[PDB]
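Q: Quick one: this structure, given as structure tokens, is what I'll be asking you about.
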Amino acid sequence: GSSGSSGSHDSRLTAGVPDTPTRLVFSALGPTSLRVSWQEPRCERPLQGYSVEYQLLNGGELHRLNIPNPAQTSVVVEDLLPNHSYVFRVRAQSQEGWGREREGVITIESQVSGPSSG
């Protein structure tokens, strides 16, 4: 219909940003090793990379991991503490900016051989 509007100049706002990614996948290669994998979220613009921030659930040191590859949807986290929870918050970045991030905490469990058939 008719044209013409009035108001702030909010149009270039971050819209092509990557939507919150899906749950994460932990491998736990070991007591001091792990592997977080996410799912390429929706984004009108091509992603430039990813960010995997992890830190003691309770509250300790926060380590930010940058991904120079927008295709690599998986990273191996090592140098962790045994029997300690870590909040792994994965985030995505696109030509626009940083979108949402998925929360995923893991509990290092050593000396566990699953169930026992009998």
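We place every Cβ from the backbone using ideal geometry, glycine too, and count neighbours over all the protein chains shown. Taken together, the values in this text are just the output of simple stated rules run on the coordinates, not laboratory data.
Q: Just to compare against my own numbers: the Cα pair-distance distribution for segment 14-118, 5 Å bins, whole % per bin, please.
A: Distribution as computed: 3, 13, 23, 21, 15, 11, 7, 4, 2, 1, 0, 0 percent.
Q: Quote the relative contact order of segment 14-118 in percent (integer), defining contacts as alpha-carbon pairs under 8 Å separated by 6+ residues.
A: Reported relative contact order: 34 percent.
Q: A follow-up question, please. Using the Cα centre of segment 14-118 as the reference point, and only Cβ charges (+1 on K/R, -1 on D/E), how large is the resulting charge dipole? Debye, rounded to the nearest 20.
A: 180
Q: Moving to a separate point now. Short version: ³J(HN,Hα) in whole Hz for each residue of segment 83-100, in order, from phi by Karplus 6.51 cos²θ - 1.76 cosθ + 1.60 (θ = phi - 60°), x for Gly and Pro, what are they?
A: Listing the rounded values in order: 6, 9, 8, 9, 7, 8, 9, 7, 9, 10, 9, 10, 2, 6, x, 6, x, 9 Hz.
Q: Would you work out if segment 54-106 is rounded, prolate or oblate? Take a ≥ b ≥ c from the square roots of the eigenvalues of the alpha-carbon gyration tensor; rounded if a/c is under 1.5, else prolate when a/b is larger than b/c, oblate otherwise.
A: prolate
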